[PDB]
Structure formats: structure tokens, C-alpha cells
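Here the structure is laid out as C-alpha cells; the discussion comes afterwards.
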Amino acid sequence: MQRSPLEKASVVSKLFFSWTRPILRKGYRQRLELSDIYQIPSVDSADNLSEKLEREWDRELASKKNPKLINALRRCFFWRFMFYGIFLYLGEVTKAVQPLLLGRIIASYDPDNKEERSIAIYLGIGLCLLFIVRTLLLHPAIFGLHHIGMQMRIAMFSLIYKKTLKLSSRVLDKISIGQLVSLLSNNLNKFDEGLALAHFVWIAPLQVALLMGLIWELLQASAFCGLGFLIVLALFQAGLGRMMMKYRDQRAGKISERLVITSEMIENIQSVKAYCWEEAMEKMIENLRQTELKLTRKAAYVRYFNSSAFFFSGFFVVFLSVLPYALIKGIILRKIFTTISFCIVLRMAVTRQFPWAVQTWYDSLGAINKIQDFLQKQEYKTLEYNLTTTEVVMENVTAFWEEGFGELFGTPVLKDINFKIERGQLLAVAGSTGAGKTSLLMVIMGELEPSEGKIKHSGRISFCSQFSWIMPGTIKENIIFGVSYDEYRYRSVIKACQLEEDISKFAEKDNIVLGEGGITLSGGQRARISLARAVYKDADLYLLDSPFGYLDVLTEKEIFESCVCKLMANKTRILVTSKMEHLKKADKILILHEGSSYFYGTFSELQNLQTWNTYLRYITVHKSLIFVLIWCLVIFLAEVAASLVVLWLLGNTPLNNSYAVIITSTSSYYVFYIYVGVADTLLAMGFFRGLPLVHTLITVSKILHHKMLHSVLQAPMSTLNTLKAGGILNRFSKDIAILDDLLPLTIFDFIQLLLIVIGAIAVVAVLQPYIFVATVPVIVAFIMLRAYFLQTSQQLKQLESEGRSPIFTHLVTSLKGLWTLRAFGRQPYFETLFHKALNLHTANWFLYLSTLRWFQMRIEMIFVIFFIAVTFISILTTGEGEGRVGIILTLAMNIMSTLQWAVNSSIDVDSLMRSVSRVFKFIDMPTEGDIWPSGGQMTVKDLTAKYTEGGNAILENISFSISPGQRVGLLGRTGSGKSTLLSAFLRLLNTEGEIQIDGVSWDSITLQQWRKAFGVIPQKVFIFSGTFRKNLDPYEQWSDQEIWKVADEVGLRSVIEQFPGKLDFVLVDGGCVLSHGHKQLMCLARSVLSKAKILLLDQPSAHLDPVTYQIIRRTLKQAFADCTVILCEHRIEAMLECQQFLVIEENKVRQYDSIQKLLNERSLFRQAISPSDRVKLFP
Ligand SMILES: Nc1ncnc2c1ncn2[C@@H]1O[C@H](COP(=O)(O)OP(=O)(O)OP(=O)(O)O)[C@@H](O)[C@H]1O
Ligand SMILES: Nc1ncnc2c1ncn2[C@@H]1O[C@H](COP(=O)(O)OP(=O)(O)OP(=O)(O)O)[C@@H](O)[C@H]1O
Ligand SMILES: CC(C)(C)c1cc(C(C)(C)C)c(NC(=O)c2c[nH]c3ccccc3c2=O)cc1O
Ligand SMILES: [Mg+2]
Ligand SMILES: [Mg+2]
């Protein structure tokens, strides 16, 4: 890493921004090298800005009765804020005094021998000094203010991430990810750039006050009659401002709901593709955009009138000001041109600078109120007593989940429970699905607080969750989990948990970079890593929430006898399990039932008891847009044509006539200057040109999102395992919101300003030729410097834009794995790990931000340099009477003012046009591409399975044949390939060979038509946010009576009746309200509804007990009558049902007819079988 060149730099270098110069020269010739990206300055790091504001916020919490976050921000930013404000004031004041100096220099070309001709040179000197001071006075203050705004945002972002880790288990149900992601995605670039515009609240009034006097000098009565029109217009904009904000709050609720649906479906797309929910998910996301875009359009139409106010005002402010003075006294052109020059600044001050400044203050404080509201919430309390006899004691405990019934005190999940545990013995927590076994562990950890009862143990605890969580990184980084490495400990664990088999198969042996969640691995592999993490941790208590769910019996025995009873000796360790073998070796047993202790004692006792392309493609999405743009241009040509013949008549005039005083001399060089002043209004886009342009540009973003969401869903699996969670969630949140909100109007201003320049030059050029020639040398200078700047700016903007993903990627996983982070207590790791992601983004954003102010300053300096040259050539060459050089040049330089604004607008479009470029990359992804399934017989021949293209072959030369209406068992060691074989049928991963069904092959039919033959039950369960009926059939093909007629057989009768809205209860946080057992029965019903003749079952009974399993076989015997079944199961009770068996090992298959033969070969796998299951197989 290279250190910041800002650190060591002279006042000149910092003032003129010469320290940014290297990266432009480096970026112009070549592609940007990672080496060239400088380290962030020491001032604005994540640690310091956290440390500073954290201290000031707890001080605010400690002192005041009702604390406010703005008070905390005030005491560490206000002086440096106000320090730049006084410079930004003086830099703005100097724009208001330019008309006085320039106006005289213009008047000094007049043949009539005025005093001006005396002072002209002194004004010539002074006006040059007037420009030089402003250029140096404005830009540093803006960068200074941007730099403060960046520090403010980083400081809060860090306090949100510290706060969110200490947040209560009660609150997590209410606040989804969409709440957090939107809050950060909104403020990310908007807040930083804002603090430039913030000050103009108090700059604009003093500017109006200053300007009004200078006008009052010229026009005594009418100036106030003018101002009145702007006071009327200012209130109209304040009206639109309040109206626009109300549309934004109605929409904000809908965006949060779309992101949680969009996240969930892409997070586990492998299930979405298996069930064939493309039409379902697209229609669901489509319906949420209807409400959103309605409120976007209404917000967009209002903002047009706010934006357009400046351009229309121009003519009317001057007209109402000159007209009264004209009638009573009579006016000179000089007097008209001087008022025009004051009015341009006065409008800019009151019409664009004033309403933008206020709108920023609403957004900032609005944002700070949400953060302050988020910071003062219910926190997870800690009450650990390290003093103990290492005796984990529980007595007379009851607990309710929701606040209502618990506070009022529905049945509690635990009641009248008690147990004592000595150190050096394991507890067997047994019961049926929904007994409260997880709920019991949640009370011990203290995530679920008890209403009545008392807990006490030592603070040190270890936890193994039922849903296995893999943070992004290496298997080592997962197993050690943010502590020092130990060769003797690490190796003894992996051998005890026996991952040595699975780790050795991978190319990079130990350390492979696992994605968000670890979908690279299988169900059994994740569980053993989750276990290894819990084992490697040292603590007084080890909680294990059924880690033998996805493991085969041979592995389940070996790991239980090699880890739990060997490596974990002389420790209290409460275990969730439902097998006789585990309860036999166990010391004390606890059998829960309907949240009540059915039995408590010992096992002995229990038995005794009972670039051009990107711009072009965007325009040619929607055909309306190209018609509207042509329709604007033909009307533009008409108004350019209209002004031409007006000025042709006006200039050709042959002129008691007190209305307007003109003479041959004055006429020539004021009539044209007046036109350039009022050109902004004459060429302005009226509601007819404005509204449809805005309307279509929103309709484009609607079409672009549909294609993008459509293309992502039907892309191949390999491409979707490449990209991250935060990478998907970045675009759909931030880069779709840019095409809806910012881009539609940033274009309008760019077009509006571009037309005004062209049309003004055109009319002036056609009428007087030399001005066109005079502009060219200034025109080329801006286009030259623009083409030079963008070569660096474009490349920086992509690094910064793709530099966001790390912040989101981390925020997703952190939240999902929150319960283990607090179990182990690893917040200090994750905070410092999160600080990096902000620093990375700061390093790219700060660099892009600083490079801009260079271009902003240089473009102004180019103008100043040319103006200084123009003015001296004007004044010095001035003849004795009618000097016809300075006239022509200054008129050009009066246009280049409008162009300088258009070039700055042209950069603001290009930066937002990076968003649409990154959207098209997601649209341009590759694509995976009599009654038919009669009997359902399959024929596999020379099949090969691999995930990556040209990688390791998981299965090789596979070939077997199933007969019609036959049940087939599938089995093998954890990580054999059992899932890969089931995925090979649906052909999700890329394969070679052919699987032919009922004498018809793959290549004879389409994929989406092929996949509607199979009814799947995947290994990982997918429950999106919605109602039960929606989760049971998204297409809504079946009736309520039909769903109820299925619900009884799978036995969700009692499960649903618990909740208030029967089949209308909206599930949240990926269906966290249901227990692990009910999620398996949810997938079962979903398959029972979808009446298929072939169906695949990737381990139906994962964590189901022998009682609940009776439902699986009951529904498998009755409902699935004549259809062919491929049953991939670990429990041995399931093997009684199916006839043929497939065994996978050594990347190959073995088919068998009888169970007795299969078990006869493998002695170890036969000895593994439970005594209670052994009597069933062998009579
Ligand atoms: N966050 C929650 N909010 C509301 N109810 C919940 C929540 N978590 C669990 N429950 C409910 O509490 C009961 C017990 O759930 P718990 O997960 O403790 O059961 P379990 O015995 O661990 O089940 P399994 O055998 O499936 O693992 C169930 O009825 C479940 O729906
Ligand atoms: N998405 C993937 N990308 C790369 N390799 C993968 C992927 N999924 C699985 N594998 C590899 O294939 C092996 C077999 O995984 P698979 O899920 O088919 O096994 P399984 O027998 O179904 O496991 P389980 O006992 O957990 O059900 C894994 O151990 C891993 O090495
Ligand atoms: C009839 C005709 C000539 C097509 C026409 C009419 C108007 C109205 C009626 C809106 C003044 C306008 N005016 C506008 O479109 C205006 C657009 N934005 C504004 C913002 C603030 C204040 C006024 C306007 C405005 O008049 C323009 C026209 O070209
Ligand atoms: Mg459970
Ligand atoms: Mg599997």
C-alpha cells in the first residue's frame, strides 16, 4: 500500500489541488493499477471517527434528559463547518458585485464621451483581481465541506453497526435487512455532497438583501414590485418541496419490502429453479413496483416544476421590473442590460440555491432522526456471574416469545421447568417437534428472557445452532473464529469431528474461500464445521442443538464416541438428541412435551418408571423516448427560428418615443446582450416538452429492472455461485434507485442547458458571423479538458461503485449469525472487520471526490484566463469612438458562462450513467438453455457431474435403470454426491451423457418443460416473506379447501391454528416463527400439492423424531400411490419401504435389489445400525 500524497504537500499544492495530478497522467495512458490507489488519510479513518462521536454521544446520553444526536455532531464538527461557511459567503458575495465593474467596461465602448473611458483600465485591473480571488475562495470551502460530510457519515455508519450487534432478540422480528440496507443505501452519496448546499439557507437572504439595494440604485419603485413575483414564486417552490417529501415517505415502505423478497429468492435460487417459480417470483416483484413507480412519477412531475422554476422566472422578473419605470420616466438599454445581470444572480440565489439548501436540511435531520431513533432501542442485557461452583442450575422457569402475552401474564413455550447439573456430565434434551428444545437453549444463552424463574451459570459458553452458519472466509477462519491458531488443538479437533476425509478431497487442502452461507459445501459438511467451531472454543458450558441431523449413522456414532464423550470430557454439555444410544451413555435426561417436562431423571430410572454504446442502448430501450426527444427538437428549432426573424426585424429598425431610448451606437451592442440575457426563458422547456421526457425516462428504468430481474433468474448456476450476496443486493437497492430518482432530471438540466447554449450561439452566429469564430477557441478548451478528465473519473467511479458491495456483504452475514457472535462474544472482531470495509470505500470515494474539484477549478481557471485576455484586448484596443473588438469578444464570454454550467452538468450525467452501465452487465448474462410422463421409468447412460466448467468430476460414467411405479433408496457417506445425483436429473449443474424417460431423451424437449415432470423436496428449506397459502402455492391454482385437505395428512392442522390469521399470517425473517420440524412438513405439503408421476426427496426427515416420521411414511404410502420415488435418506427405518438401493462411493454408483446383501458387504455400516432399528431389518 502507498500512503496519501495529501499528507506531505505545500499550501499551493493543497489550494490548487496539484497533489491529485499524478493519477490523471497514470489513468489517461493505462488501466488503473491497485498499487496507484492511495491509503486513506489518518484524520478520516473508521476508528477515530467512531472513537470521537462514541464519546460525545454517551456524554449526551449521560447529561441531558431528552438527548439529540445533532447536539453530539455539533460539538465535534460545528467550528470547522462554520469556518468554511464565511469563505463560501465571501465567494458568493463577489458574484453580486461583478455586474457593476463589467457593466461599466461594457458601457465604455459607447462613442458618447462618458467618464467610463477614463476609469476603463482600472476596472480592467480590478475585475481581473475579482475573478482570481473567487476561483481560489469558492472551491477549497466546497471540498472542505464535502470532507466534513464524509467524516459525519462514516462516524454514524460505525455507531449503527456497534448498536445493531447489541440489539434485542425481540426487535429482530420487527427490523428486517431492507430497513438497514435502505437507510445506508439512501445516505451513502446523498449526505456527503449535501453540506456544500447546506449553508445557502443564510447566504441567499443576505445575497437577496445585498442585490436588492444595487437594483434599488437603478430602479427606485419597481425593484420591490419585481421581488414580489419572486416572493410569490419562492412560496410555490416551498409548496412543491413539502408535497414532494410526502410522496417519498409512502414509497420508502415499499422499497424495504422489495429488497427482503429480492434477497431471499436469489439467496436460495437452487430451490426456486427446482420448483419452477420464475413466473411466480417475477409477478410478485412486478406488483410491488406498480405502487413504487406510481409514487416515483408523482414525485418526478412535482420536482420538474421545482427545477424548471428558474428558467421561466427569468423573463417575468425583468419584465415586471422594467415596465413600470419605462411608462413613467423612459429607459436606456444600458439600464435594461444592468438589471438583467443583477436578476440572473438574484434568481440563482432565490430560485435554485435557496430551495435546494432547505431540501438538504430536511433530508439530513430526517436521516439523523431515523439513526437517533434506531440508536435508542431495547438492548440485549448481560448479567453473567463468573463466581460459581460450575453448577448450571434452572428452577421454576416460564417464557413467552412475543411481548404482549408475556407482559399481560397464548401458551408459553416453556413453563414449570427445573434441573441441576454438576460439572462433568451431558444432558439429553429430548421431545417431539415443537417441544421447546431450541427455546430451552435460547433461555440458557439468555436471548429469550424468562417471565418468572431464575438462571445462573458462568459467563463462558459455547453454542452449536440447528441452522448451521458459515461466515465468508476459509475453513480455518471458520473453525478458529477470530482467535490465535494452535496446531495441536486445530488438528485434534478435525480428526475428532473427522473432516480429514472431506478436507483432503478439495484442491486447496485446508483454506478455500467459502461464499456467503457456504453453498460450496453440503448439509453434513456445514454442520461438522459449525460443531468444530463450537468444539475449538474453550468454555464451561457447551450447547449442542442436534448436530447429528444431516450425518449418516456410521459418522453419527464415530463423531459422538470420538468428540462428545472423548474430547469434551469433564465439562457440562447440554445436548439436543432423540436416539436410545445417546440417552444410554448420557447421565441425566430431560423429556420436554408441549413446553412441559414430561419426565426428568436418569436412563436407569426412566426404564424403571415405564461509452457511446452505453448512452445509445439506454435511449433505444423505450420507443416513446426517441419520439419525445425528436418532438422537443422540432419545437426547439421553431423557437430558434422565431427569435431569428424577431431579431432580424428588431436589428433592421429605422428608429417623443420615450418607451425605449435607442441610438445607432448603443443599439448594436445592447440589443444582442439583452437577447443572451433573456435566452434562458425563450428556449426553456415548457410543461409539454418537460413532463413526457420525465415520464418516459422513468418508464425506461421500469423496463430495465424487469429484464435485469428476468435475466438473473434464468442464468446458469455456475455464474450465480461466482457473485456475492451484497453484490446482488447493491445493484437492486442503489443502482436501480439511481435510474428512478436522480438520472431522470439530471438529464433534463443537461438537455435544457445544452439547448440554451446552441440556440443562443446559433441566433447570434447567423446574425453576426465573428462571434461563432470567437467562441471556438473557448469551446475546444472545455471539450479537450473534459475528454482528458473522464479517462480517470470513469475508472475511479467503478472502483467506488463496486467498493460498496463489501459493506452490504458483511452486514447480511453479521445479522444472520448474530446469535453465535454474542454466544462466543466476538463483537470486537466483527467491528474491526467492518471498519476495513468502510476504509476501503473511503479510499476510493475520497480519491474520486478530490479528482472532481480539480476539473471544477481548472474549467473555471480556463474561463478566467480567457476572460482576463478578452477584457484587456477589449479595453486597450478600444477606439476613440465605437470600438468594434471588445463588443464581439465579451458577448461570446457571456455565453461561455452558460456553457461552463452545462459542462459541469455533463459530468453529473456521466457519473449517474455508470449505474445504467452496471445494470446492462446483469441483463447481458448467459442463459442456462397424449400425456408424457406416463409410467415414469428412467434410463441413465454414461452420466458425468461437475459444478465448475472443466473441474473435478463428482460422478463419472453413471448408468442405471428404474422400472415403472417403484420406490428406490439412495444412500452413502456424508459428502459422497447424493445431492449432486438429484441435481443431475433437474440438470442445474452442467453434465454430459443422457437421461432418457419413457423412451424420450433430454434433447427431444425444452428444459422448463422437462423440469415440470419432477416434484422435488430440497435439502435446504426456502420460505419467503408472505402468507401460508402463498408459500404452499405461489400460482394460487389450488383452493383453500384443497390446501386444508392436504394440511391434515402432513399434519399442519395444530401448527397453523396457533397463529391469529389462519392461512393469512405474514411470515417474517425467513419464517423464524415456525420451528425446524414444521419447515420439513412445509416442503412436504408443497410437494403433495404438486401431483407429479416422478418425485425426488433430498432427506425429508432431517431433525424429525420417530413419532413425527410416521407422518412421512403415512403420506408416502397413501398419497404417492403409483408414482416412482427416489428417497435420499440417512435414517435406516426408511430403507424398509423402498425396493431397489443405489450406493454412491469413489465417485461411482452400485445398484442392489435386497437390503440383506447391501449390509452384508459393509461390516462397519452394519455395526453402526441402532439396536431398535437392527430388529426391524433382520427378523
Ligand atoms: N421466534 C419465535 N417466535 C414465535 N414462536 C416461536 C419462535 N421460535 C420458535 N417458536 C415456536 O415455539 C415452539 C417451540 O419452538 P422450538 O424451535 O424451541 O422447538 P424445538 O423443540 O426445538 O423443535 P424442533 O424439534 O423442530 O427442533 C414452536 O411452536 C415454534 O413455532
Ligand atoms: N456448489 C458446489 N460447488 C462445488 N463443489 C460442490 C458444490 N456442492 C457440492 N460440492 C462438492 O461435492 C461434494 C458432495 O456434495 P453433495 O451435497 O452432493 O453430498 P451429499 O452426499 O448430498 O451430502 P449430505 O450428506 O450433506 O447430504 C461436496 O463435499 C463438495 O466437495
Ligand atoms: C400555453 C403554453 C404557451 C403552451 C404554455 C403555457 C404555460 C402555462 C399555462 C403553464 C403558464 C407555460 N408555462 C409552463 O410550462 C411553466 C412551467 N414551469 C413553471 C414553474 C414555475 C412557474 C411557472 C412555470 C410555468 O409557467 C408554458 C407554455 O409554453
Ligand atoms: Mg429446534
Ligand atoms: Mg446432500
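Just so you know, the numbers here start at 1 and follow the chain as drawn.
Method reported for this entry: electron microscopy, 3.3 Å.
Cβ coordinates come from backbone N, Cα and C, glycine included.
Some features that Swiss-Prot has for this protein:
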type: DOMAIN; residues: 81-365; note: domain 'ABC transmembrane type-1 1'
type: CARBOHYD; residues: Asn656; note: N-linked glycosylation site
type: MOD_RES; residues: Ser522; note: phosphoserine
type: MOD_RES; residues: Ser1172; note: phosphoserine
type: TOPO_DOM; residues: 99-122; note: topological domain 'Extracellular'
type: TOPO_DOM; residues: 217-222; note: topological domain 'Extracellular'
type: TOPO_DOM; residues: 320-339; note: topological domain 'Extracellular'
type: TOPO_DOM; residues: 873-886; note: topological domain 'Extracellular'
type: TRANSMEM; residues: 78-98; note: transmembrane segment
type: TRANSMEM; residues: 123-146; note: transmembrane segment
type: TRANSMEM; residues: 196-216; note: transmembrane segment
type: TRANSMEM; residues: 223-243; note: transmembrane segment
type: TRANSMEM; residues: 299-319; note: transmembrane segment
type: TRANSMEM; residues: 340-358; note: transmembrane segment
type: TRANSMEM; residues: 625-645; note: transmembrane segment
type: TRANSMEM; residues: 675-695; note: transmembrane segment
type: TRANSMEM; residues: 747-767; note: transmembrane segment
type: TRANSMEM; residues: 770-790; note: transmembrane segment
type: TRANSMEM; residues: 852-872; note: transmembrane segment
type: TRANSMEM; residues: 887-907; note: transmembrane segment
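Spatially, the transmembrane segment (223-243) is adjacent to the transmembrane segment (340-358); three or more Cβ-Cβ distances between them are under 8 Å for residues at least 6 apart in sequence.
Listed stretches 78-98, 299-319, 770-790, 852-872, 887-907 were compared with the transmembrane segment (675-695); the greatest number of C-beta pairs under 8 angstroms is found for 299-319. DSSP assigns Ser522 (phosphoserine) to coil in the three-state reduction, placing it in neither a helix nor a strand.
Listed in sequence order, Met580 are the same-chain residues at least 6 apart in sequence whose CB falls under 8 Å from the CB of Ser1172 (phosphoserine). Just so you know, the Cβ of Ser522 (phosphoserine) picks up 20 other Cβ atoms within 10 Å once every protein chain is counted. As a quick check, the transmembrane segment (78-98) and the transmembrane segment (340-358) clear the bar of 3 or more Cβ pairs under 8 A, pairs 6 or more apart, so the two touch. Only residues 6 or more beyond the boundaries of the topological domain 'Extracellular' (217-222), in the same chain, are considered here, and those with a CB under 8 A from a CB of the stretch are 320-325, 335, 338-339, 342. Tertiary proximity for the transmembrane segment (887-907) is limited to same-chain residues at least six positions away from its ends with a CB under 8 Å from its CB atoms, namely 102, 105-106, 109, 668-669, 672-673, 676, 680, 746, 749-750, 753-754, 756-757, 760-761, 764, 768, 770-771, 774-775, 778-779, 782, 786, 789-790, 793, 852, 855-856, 859-860, 863, 866-867, 870-871, 873-874. DSSP classifies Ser1172 (phosphoserine) as helix under the three-state reduction. Cβ neighbours within 10 Å of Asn656 (N-linked glycosylation site), excluding its own Cβ and spanning all shown chains: 3. Through the fold, the topological domain 'Extracellular' (873-886) approaches residues 105, 108-109, 111, 117, 120-121, 123-124, 665 of its own chain, all at least 6 residues removed from its boundaries and within a Cβ separation under 8 Å. Less than 6 Å separates the Cβ from ligand 5 in the case of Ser522, drawn from the recorded positions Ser522, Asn656, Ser1172 in sequence order.
Taking CA atoms as the reference points, the residue listed as 'N-linked glycosylation site' and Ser522 (phosphoserine) are 98 Å apart. At the 8 Å Cβ cutoff, the transmembrane segment (747-767) and the transmembrane segment (123-146) share fewer than 3 close pairs (sequence separation 6 or more) and do not count as touching.
The residues of the topological domain 'Extracellular' (320-339), classed with DSSP into helix (H, G, I), strand (E, B) and coil, number 16 helix, 1 strand, 3 coil. Outside the topological domain 'Extracellular' (320-339) by six or more residues, the chain places 99, 103, 106-107, 215, 218-219, 221-223, 225-226, 228-229, 658-662, 666-667, 670-671, 673-674, 677 with a CB less than 8 A from a CB of the stretch.
Distance between the Cα atoms of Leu655 and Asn656, which bracket 10 unmodelled residues, is 12 Å.
Residues 130, 214, 334, 337-338, 341-342, 345, 665-666, 669, 673, 871, 874-876, 878, 881-883, 886-887, 890 of the same chain, all 6+ positions outside the topological domain 'Extracellular' (99-122), place their C-beta atoms under 8 angstroms from a C-beta of that stretch. The distance from the Cα of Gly929 to the Cα of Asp930, across a stretch of 28 residues left out of the model, is 25 Å. In the deposited model, 27 residues between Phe409 and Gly410 are missing, and the Cα-Cα distance across the gap is 10 Å.
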